[PDB]
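In what follows, a structure is listed as structure tokens, so that the remarks can point back to it.
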Amino acid sequence: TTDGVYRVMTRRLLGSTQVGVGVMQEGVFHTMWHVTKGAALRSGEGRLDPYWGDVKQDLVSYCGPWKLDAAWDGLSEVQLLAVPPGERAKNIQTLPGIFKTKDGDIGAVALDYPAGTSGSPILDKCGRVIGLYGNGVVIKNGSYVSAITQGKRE
Amino acid sequence: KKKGXX
Amino acid sequence: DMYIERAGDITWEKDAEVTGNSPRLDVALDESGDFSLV
């Protein structure tokens with residue numbers, strides 16, 4: 001339960017498979033809903049139970065309410081801490097683009113990674129998690145762009 | 001969309 | 001049945017590779033949590 005970034009694994013398919021990634025902060029595990037569909041999670045001998053989730057935001061927290069409340073400043077470069085399946089964690093610096101929506105503007109990062117990278121954290125220069133990677137769209141040219149998906153800290 | 005095939 | 005495995009600290013890396021562009025895109029979010037291009 002140490003703070004940090006975690007792979008989300010399952011052994012239901014052939015071998016061991018990385019279905020996503022998440023953030024442990026303040027005793028709570030944060031990932032995207034489509035990684036776990038809200039299932040409970042094993043952490044060693046222990047169990048993590050879902051606490052909050054929302055399919056439309058595509059987010060879920062375990063053991064407690066969503067804790068991550070940093071936001072992109074709209075100006076500065078950020079870093080995807082990508083945790084790809086079978087590969088070491090690596091930081092990728094980028095200047096976010098913008099998802100313009102009817103409900104306001106969302107930061108977005110134009111970085112393409114395997115599906116099981118879903119949930120990897122996006123960081124500001126202070127190392128704070130400004131959102132999670134992996135809910136996005138494919139652009140008119142076939143490239144992938146992810147929202148910077150951030151929850152609300154109750 | 002979630003980009004791996006989507 | 002799913003399990004988690006620690007993979008690192010959450011830290012900014014001074015020497016990080018820089019890449020990707022900064023597209024400005026009109027999108028819609030539907031009730032299923034899928035983004036779409038307008």
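The figures that follow rest on heavy atoms only: side chains count, while hydrogens, waters and symmetry mates do not. We name chains A, B, ... by the order of the sequence lines, and we start the count at 1 in each one.
The backbone N or O of A:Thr10 lies less than 3.5 Å from no partner atom in the side chain of A:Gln18, so there is not a single donor-acceptor pair. Looking only at distances, a side-chain donor or acceptor of B:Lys3 sits under 3.5 Å from a matching main-chain atom of A:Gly134. A:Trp33 contributes no side-chain N or O that, together with a main-chain N or O of A:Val35, makes up a donor-acceptor pair within less than 3.5 Å. Of the possible donor and acceptor atoms, none in the side chain of A:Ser43 sits under 3.5 Å from a partner among the backbone N and O of A:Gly46. Between the side chain of C:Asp26 and the backbone N or O of C:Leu37, no donor-acceptor pair lies under 3.5 Å. Looking at A:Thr94, its side chain never comes within 3.5 Å of a backbone N or O of A:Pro96 through a donor-acceptor pair. Checked by atom type and distance alone, the side chain of C:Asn21 never pairs as donor or acceptor with a backbone atom of C:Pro23 at under 3.5 Å. Listed for the A:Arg7 side chain is no donor-acceptor partner under 3.5 Å among the backbone atoms of C:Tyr3. Between the side chain of C:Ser32 and the backbone N or O of C:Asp34 there is no donor-acceptor pair closer than 3.5 Å.
Between A:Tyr62 and A:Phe29, the ring-plane angle classifies as tilted under the 30° and 60° cut-offs.
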Q: Quick one: do A:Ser143 and A:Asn141 satisfy side chain to side chain donor-acceptor pair (under 3.5 Å)? Show the steps, please.
A: CA-CA 6 Å; A:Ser143 65; A:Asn141 54 28; 2.7 Å; yes
(Q) Under the criterion side chain to side chain contact (heavy atoms under 4.5 Å, CB included), I'd like the reasoning laid out for A:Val19 against A:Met9: C-alpha separation, chi angles, the key distance, then a yes or no. (A) CA-CA 6 Å; A:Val19 301; A:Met9 306 298 298; over 6 Å; no
Q: Please report the C-alpha distance between A:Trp66 and A:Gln150 in whole Å, then the side-chain angles of each, then the deciding distance to 0.1 Å, and finally whether the side chain to side chain donor-acceptor pair (under 3.5 Å) criterion is met.
A: CA-CA 10 Å; A:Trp66 187 273; A:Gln150 182 61 292; 3.1 Å; yes
Q.
Run C:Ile10 and A:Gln25 through side chain to side chain contact (heavy atoms under 4.5 Å, CB included) and show every step you take.
A. CA-CA 10 Å; C:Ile10 290 168; A:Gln25 191 178 295; 5.6 Å; no
Q | From CA spacing to verdict: side chain to side chain contact (heavy atoms under 4.5 Å, CB included), A:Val109, A:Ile148 | A | CA-CA 7 Å; A:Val109 298; A:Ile148 303 185; 4.0 Å; yes
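Residues A:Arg153 and A:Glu26 are paired through a salt bridge, judged by an N-O separation under 4.0 Å between the basic side chain and the carboxylate. Comment: A:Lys56 does not engage C:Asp30 in a salt bridge, judged by the lack of any side-chain N to carboxylate O separation of less than 4.0 angstrom. With respect to A:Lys102 and A:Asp105, no salt bridge is recorded, no charged nitrogen being found less than 4.0 Å from a carboxylate O. A:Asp49 has a carboxylate O that lies under 4.0 Å from a charged side-chain N of A:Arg47, or vice versa, which qualifies the two as a salt bridge.
Of the inter-residue distances, the one linking A:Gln93 atom CD with A:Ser76 atom OG reads 10.0 Å to the nearest 0.5 angstrom. To the nearest 0.5 Å, the span separating OH on A:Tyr113 from CG on A:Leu80 amounts to 6.0 Å. Within the model, atoms OG1 of A:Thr149 and NE2 of A:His30 stand 13.5 Å from one another, a figure rounded to the nearest 0.5 Å. Atom-to-atom distance recorded for A:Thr31:OG1 and A:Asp58:CG is 8.5 Å, nearest 0.5 angstrom. Distance check: A:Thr36 OG1 to A:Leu48 CG gives 11.0 Å after rounding to the nearest 0.5 Å. Taking CD from A:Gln79 and CG from A:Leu111, the interatomic distance works out to 11.0 Å, rounded to the nearest 0.5 Å.
Here the side chains of A:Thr101 and C:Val27 are in contact, with some heavy-atom distance below 4.5 Å. Between C:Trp12 and A:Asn91 there is no side-chain heavy-atom pair separated by less than 4.5 Å. In this structure the side chain of A:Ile122 never reaches within 4.5 angstrom of the side chain of A:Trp72, judged on heavy atoms.
Closest of all the heavy-atom pairs between A:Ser120 and A:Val83 is OG-N, 3.1 Å. The minimum heavy-atom distance linking A:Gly22 with A:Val8 is given by the pair N-CG2, 4.3 Å.
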